[PDB]
Amino acid sequence: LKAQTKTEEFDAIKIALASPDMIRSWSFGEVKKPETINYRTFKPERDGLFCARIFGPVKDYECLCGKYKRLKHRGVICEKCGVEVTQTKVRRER
Amino acid sequence: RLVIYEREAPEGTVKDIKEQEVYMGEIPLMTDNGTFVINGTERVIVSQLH
Amino acid sequence: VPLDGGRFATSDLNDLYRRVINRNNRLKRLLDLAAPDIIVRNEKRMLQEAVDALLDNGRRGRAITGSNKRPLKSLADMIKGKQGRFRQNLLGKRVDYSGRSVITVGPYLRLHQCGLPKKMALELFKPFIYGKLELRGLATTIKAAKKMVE
Amino acid sequence: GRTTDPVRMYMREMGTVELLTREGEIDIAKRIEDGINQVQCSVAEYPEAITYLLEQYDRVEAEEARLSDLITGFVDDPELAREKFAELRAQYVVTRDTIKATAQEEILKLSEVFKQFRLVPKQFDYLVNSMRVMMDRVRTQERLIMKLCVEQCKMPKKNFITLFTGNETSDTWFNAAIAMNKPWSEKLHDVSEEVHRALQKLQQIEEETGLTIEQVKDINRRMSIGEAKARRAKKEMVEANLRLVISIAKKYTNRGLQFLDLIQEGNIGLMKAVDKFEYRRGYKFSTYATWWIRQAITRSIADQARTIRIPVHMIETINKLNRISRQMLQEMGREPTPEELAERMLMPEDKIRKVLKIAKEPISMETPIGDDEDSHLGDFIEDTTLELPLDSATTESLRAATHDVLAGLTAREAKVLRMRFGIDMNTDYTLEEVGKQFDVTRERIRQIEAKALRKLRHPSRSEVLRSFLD
Amino acid sequence: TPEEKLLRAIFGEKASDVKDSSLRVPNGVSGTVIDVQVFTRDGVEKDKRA
Ligand SMILES: [Zn+2]
């Protein structure tokens, strides 16, 4: 049978040195600015330590600017500010 | 009291403005029972030994 | 994340990361501005210091957090934890379905049993109680069951 | 030795440079002048440099771009500009026709009038870059043609450059030197195609830049020399004055940026000061640069050092309150009431709340609370965002409630009610659309719903669901 | 969500724009109210009970 592709049970954790490319793997974007939040509307400043574009939407299944707020549109990256609409839990992951 | 000494001594002042009592902070008071009240609460400062 | 009184709260990693980012950018700019060597060197050194403070603080000058004397907790300290040596899976963890109270005698007991306070048993088995309740049909829906034991 | 802290590293590394003698300041500034203006003259000697300015101004009077983008000032108004530019075009059209031993006099003047223009930094840089890029192309063809002889067809570089220099376009060096009956001569018959196809672009550049390859190299090369001189002198100046930067940065110390940060942004300030300075105005460079450094410092500070960045003017506006807060401090007894400040300011008086709120820096999530333990404040922040389990239970059940109750309605009543809402289906459907998929539209469909609800209103279909609303 | 959309549609319940923040008696403790205090911000209109 084919070995596997994606999530299944696991064993045997390995640890080793990181490579620039291996680092660029887990990274879904580069934070270019020290900014965090807008200071008025507490929404994340794009390309900052807190960012919806790079990391994740503030509220579940709702894009930042709000073009797609519906649970229907999920695997869609927004045109305005690219934020794919998915659980805010992925802001703990990415 | 703020004294401004005229430069080139003997020391004597051009003007010394003696300001009236200037309020710096308020300080806690001790009850007849030997307690202090910080916020609506009786508090005690334990004597230190060193 | 927010807090009462409109105030905020945040990890020290943000202070650190912020420093590293800022200095890095400043270095890029100084490169484009063709700054003299002494400056680009000083900057590179500072960046090394910052990155260090981020990874593990205290092998270096021990940076302090914004408007606070206490040294900012670095990533190494995020891992190591504290209270001797444990990371969250040893020293302890908070656990659901549990309780406690003062203990009493109960000589009438049999060695295989113990007196459990009524309210306690109510609160502990609350999820099971819901289930049985609407299992027999004494409750319309789970909500109603909650209202029943409430 | 090095005490490891970068403060001392920089402190000593800089203290190795001597203070500039009052003569040396003028000497260095002079060197600067020599260099820069040299690169400028190098720009003016480029034909395409002039042509570009013309081609852009054509777009300026064509409303395809503004003047502010193409220039700021001449050496010294839209009409005055509209004429002065026509002067440039004039000197161009005269210098252009003499390109036939006479021209050497007028091409001097074309440069002068071009020098009368103060360009925009973006534009000037665009020109410089363009020049050196052209030279990169020239080099492309030069190295290409070179590697087809010495590296491939095996000819000495000694004999290669012999007839190569001075033409590098025509066949005087190529076709006339292949027949020479030399050892490296008869070897060139194989690559004769490639080189000859390569000469095309080489002769083409001469038509574009309007220069012979010879001249082309010389001009921007001399320019490079000039730029090098400039950066060298400038750097010398900056390195000389670092002590000043440090001295200034010491004032801004606890504002929330480290000593090294302050002296760095300030150092950038000093760099800028060395960029914009004119010694001809007799202004002391010290006191002149002081402003620039203090400027970069303040700007940087208020711009970054906060976790939550606040717009520039805002910080100032806060300070303005922090001012009058003090005068009334002991004078007023306790202090001026939260609503009695901004009367002294000019503004709606409400700003105090918001400004005084968003301002205060967030508390470290690691701030240890009582017990001194690892009980740090962050471990006490509860998650409200995640739904409690007792909820998801009820939702899981409401699925079953709505489904069971939708099992009792008729076929088209179930379909219409599920369709009207988003029940177990992607999005929902407009009441106009619900009939579009039913072939029976308008009021009819909107009726079946209104009746359906009625059926689910009374204590048969309405019972199980009733409890769900508390 | 659609389930609650249908639910609110059928039972005609306008979802309030406000959540209950009221201070409830701690669960399990029972006593008699002796005293009530109201501290109003300076400048905010005093309510009836105040
Ligand atoms: Zn969007």
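Cut-offs used in this document
- Residues numbered from 1 in each chain as written, not as in the entry; some residues may be left out.
- Chains lettered and ligands numbered in written order.
- Part of a larger assembly, values for the part shown.
- Heavy atoms only, no water.
- Residues with missing side-chain atoms left out of burial classes, pairs and counts.
- Domains from an automatic or database assignment.
- Contact = heavy atoms within 4.5 Å.
- Donors = N, O, S within 2.8 Å, 3.2 Å for Na, K, Ca; no water.
- Helix = DSSP H or I, 4+ residues; strand = E, 2+ residues; numbered from the N terminus.
- Buried < 20%, exposed > 50% of the residue type's maximum accessible area, 1.4 Å probe, protein only.
- Buried area = accessible area lost by both parts, 1.4 Å probe.
- Salt bridge = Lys/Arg side-chain N within 4 Å of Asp/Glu carboxyl O.
- Nonpolar A, V, L, I, M, F, W, Y, C, P; charged D, E, K, R; others polar.
- UniProt positions renumbered as here; feature names shortened; annotations may be inferred.
- Polar contact = N/O pair within 3.5 Å; in protein donor to acceptor, adjacent residues only side chain to side chain.
- Patch = residues over 30% accessible without salt bridge, like charges linked within 9 Å, V, L, I, M, F, W, Y side chains within 5 Å.
- Areas by Shrake-Rupley, 256 points an atom, 1.4 Å probe, with all protein chains shown as cover.
- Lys, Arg positive; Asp, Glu negative; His and termini not counted.
- Charge placed at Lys NZ, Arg CZ, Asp CG, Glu CD.
- 1 Å grid on protein atoms, 1.4 Å probe; cavity = no way out; pocket = protein on both sides within 12 Å on 5 of 7 lines; lining within 4 Å.
- Points joined across faces, edges and corners; volume = space filled by probe spheres on them.
- Expected span 1.5 Å × (residues − 1).
- Arc of directions from axis to C-beta.
- Core = buried A, V, L, I, M, F, W, Y, C linked by side-chain atoms within 4.5 Å.
- Axes fitted to C-alpha atoms, helices over the stretch in contact; angles between N-to-C directions.
- Parallel < 35°, antiparallel > 145°, perpendicular 65-115°, else oblique.
- Left-handed = near helix turned anticlockwise from the far one by under 90°.

Caption draft 1: Examining the domain arrangement of chain D more closely. In terms of domains, chain D is made up of domain 1 (1-309), domain 2 (310-387) and domain 3 (388-470). Distance from the C-alpha centre of domain 1 of chain D to the C-alpha centre of domain 3 of chain D: 73 Å.

Caption draft 2: Structural view of the arrangement of the chains. In this assembly, six pairs of chains are in contact, and the pair with the greatest number of contacts comprises chains C and D. Separated throughout, chain A and chain B approach each other most closely at a C-alpha pair spaced 33 Å apart.

Caption draft 3: Region of interest: the coordination of the zinc ion. Residue and element names in this part refer to chain A. Protein coordination of the zinc ion is provided by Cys63 (SG), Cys65 (SG) and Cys78 (SG), with donor distances spanning 2.2 to 2.3 Å. Here the donor residues of the zinc ion are spaced in sequence according to C-x1-C-x12-C. In this pair, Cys63 is assigned in the segment after α1 (20-26) and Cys78 in the segment after α1, connecting sequence segments 15 residues apart. Note on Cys63: relative accessible area 3%, which makes it buried.

Caption draft 4: Local environment of the interface of chain A and chain D. Residue-level contacts link 10 residues of chain A with 10 residues of chain D. Taken over both partners, the interface formed by chain A and chain D buries close to 920 Å², and the fraction arising from carbon and sulfur atoms is 62%. Where chain A meets chain D, there are two salt bridges. Of the charged contacts, one joins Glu35 of chain A and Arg309 of chain D as a salt bridge, the two residues approaching to 3.3 Å between their closest N and O atoms. When its residues are assigned to classes, the side of chain A that touches chain D shows three nonpolar, one polar and six charged.

Caption draft 5: Layout of the UniProt feature "DNA-binding region" in chain D. The UniProt record marks residues 431-450 of chain D with the feature "DNA-binding region", using the residue numbering of this structure. Counted over residues 431-450 of chain D, helix gives 40% and strand 0%. Its end C-alpha atoms are 12 Å apart.

Caption draft 6: View of the interface of chain D and chain C. Chain D puts 43 residues into the contact, and the matching count from chain C is 44 residues. Buried area between chain D and chain C, both sides added, is near 4100 Å², and the carbon and sulfur share of it is 59%. One can count eight salt bridges joining chain D with chain C. Among the ionic pairs, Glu13 of chain D bridges to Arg45 of chain C, the shortest N-O distance being 3.6 Å. For the interface between chain D and chain C, the tally reads 16 residue pairs in polar contact. Residue assignment for the side of chain D that touches chain C shows that the elements contributing at least two residues are α1 (6-14), α11 (213-249), α12 (259-276), β3 (363-364) and α16 (389-408) of chain D. Sorting elements by how many residues they give to the side of chain D that touches chain C places α12 of chain D first, with eight residues.

Caption draft 7: Examining the environment of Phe85 of chain D more closely. Residues and elements named next belong to chain D. You can see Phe85 is positioned in helix α5 (residues 78-97). Residues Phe85 and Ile99 lie 14 residues apart in sequence; the distance between their C-alpha atoms is 22 Å. Apart from residues no more than four positions distant in its own chain, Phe85 is found in contact with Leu53, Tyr57, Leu70, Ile71, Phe74 and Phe117.

Caption draft 8: Inspection of the pattern of salt bridges at higher detail. All names here are of chain A. Within the structure shown, the criterion is met by 49 salt bridges over all chains. A salt bridge links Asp47 to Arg53; the nearest nitrogen and oxygen atoms lie 2.8 Å apart. Given the relative accessible area of 13%, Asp47 is considered buried. On the accessibility criterion, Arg53 (39% relative accessible area) is partly exposed.

Caption draft 9: Here's a closer look at a positive patch on the surface. Taken together, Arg7 of chain C, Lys357 and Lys360 of chain D together with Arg41 of chain E make up a surface patch of like positive charges. Its location among the elements puts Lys360 of chain D in the loop between α15 (351-359) and β3. By relative accessible area, which is 36% here, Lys360 of chain D ends up partly exposed.

Caption draft 10: How the structure looks around a nonpolar patch on the surface. Residue and element names in this part refer to chain B. On the surface, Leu2, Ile4, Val14 and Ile17 cluster together into a nonpolar patch covering about 370 Å² of accessible area. Those elements giving two or more residues to the nonpolar patch turn out to be β1 (2-5) and β2 (13-17). With respect to the helices, strands and loops of the structure, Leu2 is situated in strand β1. By relative accessible area, which is 51% here, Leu2 ends up exposed.

Caption draft 11: Empty space enclosed by the protein, seen in detail. Quantified by volume, the largest cavity comes out at close to 60 Å³. Taken together, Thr402, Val405, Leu406, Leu456 and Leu465 of chain D together with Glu3, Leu6, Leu7, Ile10 and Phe11 of chain E form the lining of the largest cavity. Elements supplying a minimum of two residues to the lining of the largest cavity: α16 of chain D together with α1 (2-11) of chain E. No other element matches the five residues that α1 of chain E contributes to the lining of the largest cavity. In terms of residue class, the lining of the largest cavity is made up of eight nonpolar, one polar and one charged.

Caption draft 12: Structural context of α16 of chain D. Given a rise of 1.5 Å per residue, 20 residues ought to cover 28 Å, and the 30 Å separating the end C-alpha atoms of α16 of chain D matches this to within 8%. For α16 of chain D, every residue scored as buried is listed here: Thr394, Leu398, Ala401, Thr402, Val405 and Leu406 of chain D. When α16 of chain D is viewed along its axis, its buried side chains cluster within an angular range of 115° and face the same direction. What points out from α16 of chain D, more than 90 degrees from its buried face, is the exposed set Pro389, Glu396, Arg399, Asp404 and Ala407 of chain D. Where α16 of chain D is buried, its residues meet α6 (142-149) of chain C, α17 (411-420) and α19 (463-466) of chain D together with α1 of chain E.

Caption draft 13: Structural detail: the nonpolar core. Counting residues in each nonpolar core, the largest one holds 51 residues, and the members touching the most others are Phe85, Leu88 and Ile145 of chain D. Counting residues in hydrophobic clusters, the runner-up holds 33 residues, among them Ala35 and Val40 of chain C together with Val238 and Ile301 of chain D.

Caption draft 14: Looking closely at the packing of α5 of chain D against helix α6 (residues 106-115) of chain D. Residue and element names in this part refer to chain D. For the pair α5 and α6, interaxial distance at closest approach is 9 Å and the crossing angle is 160°. Relative to α6, the element α5 lies roughly antiparallel. In the crossing of α5 with α6, the sense of the turn from one axis to the other is left-handed. Here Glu87, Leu88, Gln91, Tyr92, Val94 and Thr95 of α5 come into contact with α6, specifically with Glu106, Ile107, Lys109, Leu110, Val113 and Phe114. Looking at the contact of α5 with α6 residue by residue, the class counts come to seven nonpolar, two polar and three charged.

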